[PDB]
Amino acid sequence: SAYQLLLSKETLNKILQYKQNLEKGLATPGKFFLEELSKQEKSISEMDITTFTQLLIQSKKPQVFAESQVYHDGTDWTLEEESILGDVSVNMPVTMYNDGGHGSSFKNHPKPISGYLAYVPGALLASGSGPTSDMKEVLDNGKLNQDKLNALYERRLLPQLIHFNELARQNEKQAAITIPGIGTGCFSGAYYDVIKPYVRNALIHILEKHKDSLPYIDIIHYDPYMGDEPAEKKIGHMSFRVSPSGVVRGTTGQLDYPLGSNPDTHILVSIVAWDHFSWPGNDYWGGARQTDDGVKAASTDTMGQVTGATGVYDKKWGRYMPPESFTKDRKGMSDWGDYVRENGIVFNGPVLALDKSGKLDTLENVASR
């Protein structure tokens, strides 16, 4: 119950495609998915769609260099699996111990604040080998296609926006959502110098299109660090702020209430730029408080939500550390990825899908319709 996986209707169709073809012998699993399947007892056709989806998600590894050390060839994952995994997001309640500043710029919260993270994989436009699934999807002979990029981010973000609209309503609050430059860093690959306006346009497109379904979403605080102009934009009832921290001095951090929100009026949600192949937190499973993914995981109790262990926050380095009973006498082999290995923890949790009517429901129910 510590975290919840979500995916779009289109993604569910992809999963149904894949399961059907495996059942017929007409598709072949990748090596890592096959390992997860072979650790349990059900045949593909015996297991339901949720179990199948969970076992594919379970083939993720704690730390993956998604932009350079993945091969897309079935020796790790196939492109069909990659297309599905990229659409899966995961949310979880978190305690936020600092404002999420990178490097040494983080500011510790005097009292840690309560909120949520939603890990969403960015468009992967980088590869150390063949083209990625996202490259095949959104590039037209090399040209970035804004409409296709829009559809990809809509697919991946909307289930989380629907989720937290509902959660805000249930708590009699509104939602304040902070967003980073998702997909603009190493993920952009050769597109690093052009990607920034495309991502902001996609976020605006999603919010404009689905404004009528998000009445409890109030503030969206978008911070791509550099490369965009300061702005407020009214999108229906919503306030969409473009506040690049490298351009606007004093910008509120990603793990902090943006201007006009506070704990009594708003739930605080931060989108995390995730990736197809890793557990939420990627780099910090290897002890590196780097990238939006690693920084936000290190600056929250993400690792405690995923592993069930009670960590301890280190104010000097802004890091949620493994239990002291684990790290004592383990110097050099004490980071969170080592804790997962020695304990055989797996990434596997409840999964819901967004149906055609904008409701989140079980994969079986949405497939029936």
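Start at 1 with the first residue shown and count on from there.
**Q** Decide which of the stretches 257-265 and 270-278 has the higher mean C-alpha B-factor, going by the entry.
**A** Mean C-alpha B-factor is greater for 257-265.
**Q** Taking the mean of the C-alpha B-factors per stretch from the entry, tell me the winner out of 223-231 and 77-85.
**A** For C-alpha atoms only, the mean B-factor is higher in 223-231.
**Q** Considering only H109, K136, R156, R200, which residue's Cα atom bears the greatest B-factor as recorded?
**A** Reading the PDB entry, the winner on C-alpha B-factor is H109.
**Q** Comparing recorded Cα B-factors across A168, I162, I177, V90, which one is largest?
**A** Of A168, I162, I177, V90, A168 has the highest C-alpha B-factor.
**Q** Could you tell me which third, lowest, middle or highest, the C-alpha B-factor of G122 occupies within its chain?
**A** It falls in the bottom third of the chain.
**Q** Would you check the entry's CA temperature factor for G189 and let me know if it's in the chain's lowest, middle or highest third?
**A** Lowest third.
**Q** Determine, from the deposited record, the chain-internal third of the Cα B-factor for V94: lowest, middle or highest.
**A** For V94, whose C-alpha B-factor we compare with every modelled residue in the chain, the answer is the middle third.
**Q** Among the chain's modelled residues, which third holds the C-alpha B-factor of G246?
**A** Highest third - that is where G246 ends up once the chain's C-alpha B-factors are sorted.
**Q** If you rank every modelled residue in this chain by C-alpha B factor, which third holds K31: lowest, middle or highest?
**A** Bottom third by C-alpha B-factor.
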